[PDB]
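Q: Protein chains in written order, with PDB author numbering: chain U, 2 to 78; chain M, 21 to 426. The beta carbon of each residue, even a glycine, is placed where N, CA and C say it ideally should be. First, the structure itself, so that you have it in front of you.
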C-alpha cells in the first residue's frame, strides 16, 4: 500500500505532466511579479490618453498638479 | 578472515565476519566462457543482469536501488559469472531478495536485447579490443590452452545469438547446484539465515559438465606501430605454493617505489639493455590449470630481444640449485602478495579459485608456503621446461624473436 514499501516516507502526488502542487506553489511569486511588471508597462505606455489622465492620474495628490491643463481664457475657439 | 564454507537447504554458502559498517553479497555462477554453447552467449547472459524481472522492471531496479543508496555490479571471467551488490548493513534483506529474484526469475524480453543489452556488449568488446596488452594476453591464453578455458570471453564483432539461445542457457545454468553465495558483512548468522530462506525456490538442477583441460603450445604474430610486447607462456598443472614462490622469485616489479629491483628478471633487464625494457611475471590460477607468463615490453625491439634472451637464460639457470636467501625472499613476497589479494570485498581471480575449490582453499594453503624448499622449486622448473612455451609478438616482426632463437 506504499510506493517503495521499505521506505514508506515517500508518496506520489497528482500530476498531469511534471505539473505537481509542489512545483506549482513555487512559481506563484514569479507569476505575481510578471503580472505586476506587465501592469506597470501597460500603465506607463498609456498615460497621455485623455480618459486615463482625467480619471486616474489627476485625482492623485502631488502628481495631479503636473497632469492638469494650464490654459487661460485663451482657449478653444 | 577467510571464508568458511557451509551448506544450508541445498545452497552453497561462504561467509566472513569483519568489523565494518558495510557489507557484500555475491553469487559465483559456474557459467563463464568455458561452458558457453556458442560464441558470446556468456557475455550477453551476464549483461542481462538486473533487467526486468517477473516482479519488477529495470526502472524500478535502478531507481529504487539509487533511493536506497547501493551499488550493483557484474563481472565475467573465463570460468565464472559474478553478480554482486554492496550496501549499508541495514539493507541486507532487500538485496538478498533482489539477487534471488534476478537469479530465479529474470524474464527475457525480446525487445530489450536489441535496445539495451547488445549495444553495451558491442561497446565493451570495442573497448577491450582497443587495449593492446589485454588482446595479447587473451591470444596467449588461446594459444596455450586448446578450447576449455582458451575460448573468447567477449562477444566478437561477427556474432549475434538469438534470445532463445540465451534463454536456454539461462534455464540450464541458473540452478541451485551450479553456484554459491559469498557474503562478508559484519553479521554472518543473520546473512546465512536470509540466504537459506530466500535462495531456496530456484529448481535444483545439475552442475554443467565440461571436458578436462587440454594443454598444447603455439606461437602467434601480429604487427603494430606503437610500443612492442613479447609475452612468454608456460601452461602448468593446478596451482601450488611452489608455483607462487617461483612467480615471486622471478619478480619484475619493484618493492621500493622509484627503483629498479634485485629480482632475477630485473637484474636480467639491467644487465641486458640498461633498463630499456621491463620484464614482469605473474600467475593466474584456475579450477584445474594454471598459466605462468613473462611479459617484456618496450620501444626498442633490439633491447626487447636481448632482455628476452637474458631472462630465458636466467629462468633456465634455476634448474640446478637455488641459494637459500632467494628462496626466503620469494617466500616472503609471495605470502605478502597472496594475503594482500584478499582485502577487497570484490572477488578477483585468486579468491574465487580458493572459494570454488573445497579442499582447504586458504586455511591450509598459507601453511604450505613455509614448507617450500629449493629442491621443490627446481623440480617444478624442470617439469615446466619439458614442453615448449607459447609466445605472442606485437610490433616489428623482423626483430622480435621466435621461441627457437631464445
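1. In the DSSP assignment, find the alpha helix (DSSP H) that holds residue 167 (chain M) and state where it starts and stops.
2. Under 8 angstroms, do residue 28 (chain M) and residue 242 (chain M) count as touching if we go by C-beta distance?
3. Does the segment 58-72 of chain U come close enough to the segment 358-375 of chain M that 3 or more CB-CB pairs lie under 8 angstroms?
4. Check whether the Cβ atoms of residue 75 (chain M) and residue 121 (chain M) lie closer than 8 angstroms to each other.
5. Answer with buried or exposed for residue 157 (chain M), where buried requires no fewer than 16 other C-beta atoms within 10 angstroms of its C-beta.
6. Using CA coordinates, which residue listed in M:393, M:359 and M:138 is at the minimum distance from residue 384 (chain M)?
7. Keeping to the same chain, check which residues put their C-beta closer than 8 angstroms to that of residue 386 (chain M); ignore five residues upstream and five downstream.
8. What residues are listed by DSSP as bridge partners for residue 101 (chain M)?
9. May I ask you to report which of helix, strand or coil DSSP gives residue 416 (chain M)?
10. Can you tell me whether DSSP reads residue 241 (chain M) as helix, strand or coil?
11. Going by beta carbon distance, what residues of the same chain come within less than 6 angstroms of residue 300 (chain M), once the five residues before and after it are set aside?
12. To the nearest angstrom, how far is it from the Cα of residue 277 (chain M) to the Cα of residue 352 (chain M)?
13. Find the nearest neighbour of residue 403 (chain M) within the set M:146, M:154, M:339 and M:79, judged by alpha-carbon distance.
14. Please name the residues in the segment 62-84 of chain M whose beta-carbon is closer than 7 angstroms to at least one beta-carbon of chain U, in chain order.
15. In chain U, which residues lie with their C-beta within 7 angstroms of the C-beta of residue 218 (chain M)?
16. Name the chain U residues whose beta carbon is nearer than 8 angstroms to that of residue 92 (chain M)?
17. Do the CB positions of residue 335 (chain M) and residue 270 (chain M) come within less than 8 angstroms of each other?
18. Under the assumption that residue 87 (chain M) contacts residue 37 (chain U) (Cβ atoms under 8 angstroms), give the Cβ distance between them as a whole number of angstroms.
19. Could you tell me which chain M residues have their CB closer than 9 angstroms to the CB of residue 8 (chain U), listed as they occur along the chain?
20. Kindly confirm or deny that the segment 46-64 of chain M and the segment 194-210 of chain M touch, where touching means at least three C-beta pairs closer than 8 angstroms.
21. Would residue 337 (chain M) and residue 426 (chain M) qualify as a contact pair, given that the criterion is a beta-carbon distance under 8 angstroms?
22. Below 8 angstroms on the Cβ atoms is my guess for residue 298 (chain M) versus residue 289 (chain M); work out the distance and round it to an integer in Å.
23. Return no unless some Cβ of chain U is closer than 8 angstroms to the Cβ of residue 23 (chain M).
24. Can you find at least 3 beta carbon pairs, one from the segment 50-64 of chain M and one from the segment 107-124 of chain M, that sit closer than 8 angstroms?
25. Give every residue of the same chain whose Cβ lies closer than 6 angstroms to the Cβ of residue 91 (chain M), excluding the five residues on either side of it in the sequence, and list them in chain order.
26. Within this structure, are the beta carbons of residue 220 (chain M) and residue 35 (chain M) separated by less than 8 angstroms?
27. If we ignore side chains and look at the alpha-carbon of each, how far apart do residue 50 (chain M) and residue 281 (chain M) end up?
28. Closer than 9 angstroms by beta-carbon distance: list the chain U residues that pair up with residue 6 (chain M), in chain order.
A: Once the coordinates are examined:
1. Here residue 167 (chain M) belongs to no alpha helix (DSSP H), and DSSP marks it neither H nor E.
2. no
3. no
4. yes
5. buried
6. M:359
7. 355, 358 and 359
8. M:49 and M:96
9. coil
10. strand
11. 272, 273 and 315
12. 18 angstroms
13. M:339
14. 84
15. By Cβ distance, chain U contributes nothing, its closest Cβ being about 15 angstroms from residue 218 (chain M), past 7 angstroms.
16. Within chain U, no residue comes near residue 92 (chain M); the closest Cβ sits about 16 angstroms away, beyond 8 angstroms.
17. yes
18. Incorrect: roughly 40 angstroms between the Cβ atoms, too far for contact.
19. 84, 87 and 88
20. yes
21. no
22. 6 angstroms
23. no
24. no
25. 106
26. no
27. 39 angstroms
28. Look at the range of chain M in this structure, 21 to 426, and you will see that residue 6 (chain M) is not part of it.
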